[PDB]
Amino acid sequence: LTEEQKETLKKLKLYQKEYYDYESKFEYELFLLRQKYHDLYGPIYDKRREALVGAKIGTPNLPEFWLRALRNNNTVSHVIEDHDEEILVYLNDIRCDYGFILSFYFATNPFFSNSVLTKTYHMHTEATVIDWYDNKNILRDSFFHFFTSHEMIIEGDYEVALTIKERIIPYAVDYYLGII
């Protein structure tokens, strides 16, 4: 490069650093916005859970609520089998916290002892190991294979998790009603 061109390059480096200054502020203000609204969604999720749950069955105030919400979603329905349903009726709540952790809360059930099954996504995955009771391990294909720590396996797994996080949890009752 000539010196005149080096000067132009110099200017462009200055302006690019300025762009990064602003983009930083944007990402920071974006993080603030997402966090603010996560905490505003919190009580709504709490109220929903309270209304659904209040028994030795899941969501006893509205039986099979989460199963039917999950079933009415295209992406998630693919991974849910007949035999899975008799476990998923014990589901009390599905939660998300900040990657992120998905928590599935279960009423006392004859399949496993866990009251909570978690799945963490770091951006590897971390999943609670299901403490299956004797002759109760339904695992052939299952939704519960989702609960493994760890690209085909990792992608369809992530897509279901994203759907739960971004669609099921925010719009649960609309899936239940079948209007999405």
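The first residue of the shown sequence is 1; numbering continues from there.
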Report summary line: What lies unmodelled of the deposited sequence between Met123 and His124 amounts to 10 or more
**Report entry** Unresolved deposited residues in the interval that joins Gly54 and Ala55
**Finding:** 1 to 3
Query raised in the report: Higher mean Cα B-factor in the deposited model: 104-112 or 79-87?
Result: 79-87
Requested in this report: Would you determine, from the values in the PDB entry, which of 62-70 and 27-35 has the greater average C-alpha temperature factor?
Outcome: 27-35
Query raised in the report: By the record's CA B-factor, is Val129 among the lowest, middle or highest third of residues in the chain?
Result: middle
Report task. Looking at the entry's B-factor column for C-alpha atoms only, identify whether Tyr15 ranks in the lowest, middle or highest third of its chain. Result -> lowest
Query - Modelled-residue ranking by C-alpha temperature factor, third containing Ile168 - result: middle
Report task. Compare the C-alpha B factor of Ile138 with those of the other modelled residues in its chain, then answer lowest, middle or highest third. Result -> highest
**Report entry** Among modelled residues of the same chain, the CA temperature factor third for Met152
**Finding:** highest
